[PDB]
């Protein structure tokens, strides 16, 4: 009558992994940047009429500590691949996060969603079309989000749950 999902949020430094998670969990945003070491959250939600517990692992945007990061990927059931629409390097980084998940999980079919965050800002450097093309090439959804305005926040996490439910 319930289900439970282990979701992992990954992506480059400063893209909004924590701000997205805190918006989902605590329904607020702060401008202050507090770099992540590691945080875990748990929340009960209803998605498509089905109640679930989400266990969300918010990771640091560094790829050092491969032993730890590999374990994050082995345990995680689905991944948000977050970049910021005003950080071109963070978008160019996306393929590396996807490749790491495939290699660690030894699979070409892992539940993932591409998330283009900071959509509220007027400093865009990554075109939406480029992001849609990349997600299409990967066969995964693309969601535009803003942790600041809450645009797309529920959508991103819920779509990832649908990708897990579909994958199974």
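Positions refer to the first chain, counted from 1.
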Practice item. Pick between 109-117 and 126-134: the one whose mean CA B-factor in the entry is higher. Key: 126-134
Study note, to complete from the structure: Ranked by mean Cα B-factor in the entry, 49-57 and 23-31, top stretch is 23-31
Point to revise | C-alpha B-factor winner, where the candidates are 44, 40, 36, 66 | key: 66
Study note, to complete from the structure: Here the Cα B-factor of residue 151, set against its chain, lands in the third termed highest
Study note, to complete from the structure: Among the modelled residues of its chain, the C-alpha B-factor of residue 88 falls in the third labelled highest
